[PDB]
Amino acid sequence: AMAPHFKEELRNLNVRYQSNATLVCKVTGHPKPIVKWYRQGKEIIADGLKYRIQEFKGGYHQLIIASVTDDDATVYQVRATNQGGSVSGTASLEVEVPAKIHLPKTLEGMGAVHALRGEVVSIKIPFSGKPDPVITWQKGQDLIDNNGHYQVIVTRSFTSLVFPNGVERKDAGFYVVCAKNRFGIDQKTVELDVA
């Protein structure tokens, strides 16, 4: 007769998008602990698709979380309970993904956006990365920032270059957008023309 114990304790996980995250722990106790899984304190009910639960002789318990989205990137709780007591281990699943820019349209290897003198143009450029990369924009030797002429919007998931006044003849040319995080760097050029 023995209270449940994590002979082996859940570990933190670092994975990439769309892969399988397996959280494992090992559990002794008599009898014979009931194990449940939780996500911010709501129970994970295995469905076979997104969440699967495996058990092996000797007290091994894994939760497999399939096709990791960043909604799955969170703190997980596990809990083992018998007559003797109740213990619970905590582990986080974080996503570690090198920076990458994703141009929706390219022409000749590069972004293109074709404007007219009037247009209020927004070069919307999605990106991936965990972190949460640092975005820069450049035009030649010029860095770009919200003062006067330009404004850069940077979000969790996209950065956009916008020309608050109408686009002019002079801002035509080549713009470089660059996303950098702990795990890699990516950069793309967008050509802008005005007719």
# chains A, B, ... in the order shown; residues from 1 in each chain; ligands from 1
call {"tool": "closest_atom_pairs", "arguments": {"of": "region 14-42 of chain A", "to": "region 82-91 of chain A", "cutoff": "9 Å", "atoms": "only C-alpha atoms", "output": "tab-separated table"}}
result
residue	atom	partner	partner_atom	distance
A:23	CA	A:91	CA	8.3
A:25	CA	A:89	CA	8.6
A:29	CA	A:82	CA	7.7
A:30	CA	A:82	CA	7.3
A:31	CA	A:82	CA	6.2
A:32	CA	A:82	CA	6.5
A:33	CA	A:82	CA	5.0
A:34	CA	A:82	CA	6.5
call {"tool": "write_last_selection", "arguments": {"atoms": "N, CA, C and O atoms", "output": "compact mmCIF listing (two decimals), in the first residue's frame"}}
result
# COMPACT_ATOMS: atom_id res chain seq x y z
N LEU A 23 4.31 13.67 -24.14
CA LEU A 23 4.65 13.93 -22.76
C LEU A 23 4.61 12.61 -22.02
O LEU A 23 3.61 11.92 -22.07
N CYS A 25 5.56 10.29 -18.34
CA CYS A 25 5.87 10.29 -16.93
C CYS A 25 5.83 8.84 -16.49
O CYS A 25 5.28 8.02 -17.20
N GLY A 29 2.74 3.30 -7.36
CA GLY A 29 1.80 3.47 -6.24
C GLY A 29 0.98 2.22 -5.98
O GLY A 29 0.80 1.40 -6.88
N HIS A 30 0.49 2.05 -4.76
CA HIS A 30 -0.42 0.94 -4.54
C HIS A 30 -1.66 1.24 -3.69
O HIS A 30 -1.57 1.87 -2.65
N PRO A 31 -2.84 0.88 -4.21
CA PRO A 31 -3.05 0.65 -5.64
C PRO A 31 -3.10 2.01 -6.30
O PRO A 31 -2.80 3.00 -5.65
N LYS A 32 -3.32 2.12 -7.59
CA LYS A 32 -2.56 1.52 -8.63
C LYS A 32 -3.04 2.72 -9.38
O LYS A 32 -4.14 2.71 -9.92
N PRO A 33 -2.25 3.80 -9.32
CA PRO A 33 -2.81 5.13 -9.51
C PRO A 33 -3.62 5.32 -10.81
O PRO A 33 -3.24 4.79 -11.86
N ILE A 34 -4.73 6.06 -10.70
CA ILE A 34 -5.47 6.54 -11.84
C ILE A 34 -4.80 7.80 -12.34
O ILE A 34 -4.53 8.72 -11.56
call {"tool": "residues_around", "arguments": {"residues": "region 164-179 of chain A", "least_positions_apart": "2", "cutoff": "6 Å", "atoms": "only C-alpha atoms", "output": "PyMOL selection string"}}
result
chain A and resi 99+117-120+133-139+185-193
call {"tool": "write_last_selection", "arguments": {"atoms": "N, CA and C atoms", "output": "CSV table (one decimal), in the first residue's frame"}}
result
chain,number,residue,atom,x,y,z
A,99,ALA,N,12.7,31.8,-37.6
A,99,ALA,CA,12.0,32.8,-38.4
A,99,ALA,C,11.9,32.5,-39.9
A,117,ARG,N,-0.1,56.4,-58.2
A,117,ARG,CA,0.1,57.6,-57.4
A,117,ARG,C,-0.9,57.7,-56.2
A,118,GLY,N,-2.1,57.5,-56.5
A,118,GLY,CA,-3.2,57.6,-55.4
A,118,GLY,C,-3.1,56.5,-54.4
A,119,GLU,N,-2.9,55.3,-54.8
A,119,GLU,CA,-3.2,54.1,-53.9
A,119,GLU,C,-2.6,54.3,-52.5
A,120,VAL,N,-3.3,53.9,-51.5
A,120,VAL,CA,-2.8,53.7,-50.1
A,120,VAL,C,-2.4,52.2,-50.1
A,133,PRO,N,9.8,36.9,-33.9
A,133,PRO,CA,11.0,37.6,-34.4
A,133,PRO,C,10.9,39.1,-34.4
A,134,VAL,N,12.1,39.7,-34.5
A,134,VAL,CA,12.2,41.1,-34.7
A,134,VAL,C,12.2,41.4,-36.2
A,135,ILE,N,11.2,42.2,-36.6
A,135,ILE,CA,11.1,42.7,-38.0
A,135,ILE,C,11.8,44.0,-38.2
A,136,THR,N,12.6,44.0,-39.3
A,136,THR,CA,13.1,45.3,-39.9
A,136,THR,C,12.6,45.4,-41.3
A,137,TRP,N,12.5,46.6,-41.8
A,137,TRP,CA,12.3,46.9,-43.2
A,137,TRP,C,13.5,47.8,-43.6
A,138,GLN,N,13.8,47.8,-44.9
A,138,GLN,CA,14.9,48.6,-45.4
A,138,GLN,C,14.6,49.0,-46.8
A,139,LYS,N,15.1,50.2,-47.2
A,139,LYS,CA,15.0,50.6,-48.6
A,139,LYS,C,16.4,51.0,-48.9
A,185,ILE,N,17.1,33.2,-39.4
A,185,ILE,CA,16.8,34.5,-40.0
A,185,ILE,C,16.3,34.3,-41.4
A,186,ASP,N,15.4,35.1,-41.9
A,186,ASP,CA,14.9,35.0,-43.2
A,186,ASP,C,14.7,36.4,-43.7
A,187,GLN,N,14.8,36.6,-45.0
A,187,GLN,CA,14.7,37.9,-45.6
A,187,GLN,C,14.1,37.8,-46.9
A,188,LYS,N,13.4,38.8,-47.4
A,188,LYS,CA,12.7,38.8,-48.7
A,188,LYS,C,12.8,40.2,-49.2
A,189,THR,N,12.9,40.3,-50.5
A,189,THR,CA,12.7,41.6,-51.2
A,189,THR,C,11.3,41.8,-51.8
A,190,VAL,N,10.8,43.0,-51.7
A,190,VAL,CA,9.5,43.3,-52.5
A,190,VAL,C,9.8,44.4,-53.4
A,191,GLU,N,9.6,44.3,-54.7
A,191,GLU,CA,9.7,45.5,-55.6
A,191,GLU,C,8.4,46.2,-55.7
A,192,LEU,N,8.4,47.5,-55.5
A,192,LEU,CA,7.2,48.4,-55.6
A,192,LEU,C,7.4,49.2,-56.9
A,193,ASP,N,6.4,49.2,-57.7
A,193,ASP,CA,6.4,50.2,-58.8
A,193,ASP,C,5.1,51.1,-58.8
call {"tool": "residues_around", "arguments": {"residues": "region 49-53 of chain A", "least_positions_apart": "3", "cutoff": "9 Å", "atoms": "only C-alpha atoms", "output": "list in words"}}
result
residues 37, 44, 45, 46, 61, 62, 63, 64, 65, 66, 67 and 68 of chain A
call {"tool": "residues_around", "arguments": {"residues": "residue 151 (chain A)", "least_positions_apart": "5", "cutoff": "12 Å", "atoms": "only C-alpha atoms", "output": "list in words"}}
result
residues 120, 121, 122, 123, 136, 137, 143, 144, 145, 146, 159, 160, 161, 162, 163, 164 and 165 of chain A
call {"tool": "closest_residue", "arguments": {"among": "A:108, A:96, A:47, A:9", "to": "residue 77 (chain A)", "atoms": "only C-alpha atoms"}}
result
A:9
call {"tool": "closest_residue", "arguments": {"among": "A:129, A:16, A:81, A:142", "to": "residue 102 (chain A)", "atoms": "only C-alpha atoms"}}
result
A:129
call {"tool": "closest_residue", "arguments": {"among": "A:101, A:115, A:195, A:93", "to": "residue 76 (chain A)", "atoms": "only C-alpha atoms"}}
result
A:93
call {"tool": "closest_residue", "arguments": {"among": "A:110, A:19, A:42, A:59", "to": "residue 7 (chain A)", "atoms": "only C-alpha atoms"}}
result
A:59
call {"tool": "select_by_dssp", "arguments": {"residues": "region 12-167 of chain A", "states": "strand (DSSP E or B)", "output": "PyMOL selection string"}}
result
chain A and resi 13-15+21-30+34-39+42-44+51-56+60-65+75-82+85-95+97-101+107+110-115+122-130+134-139+142-143+151-154+158-162
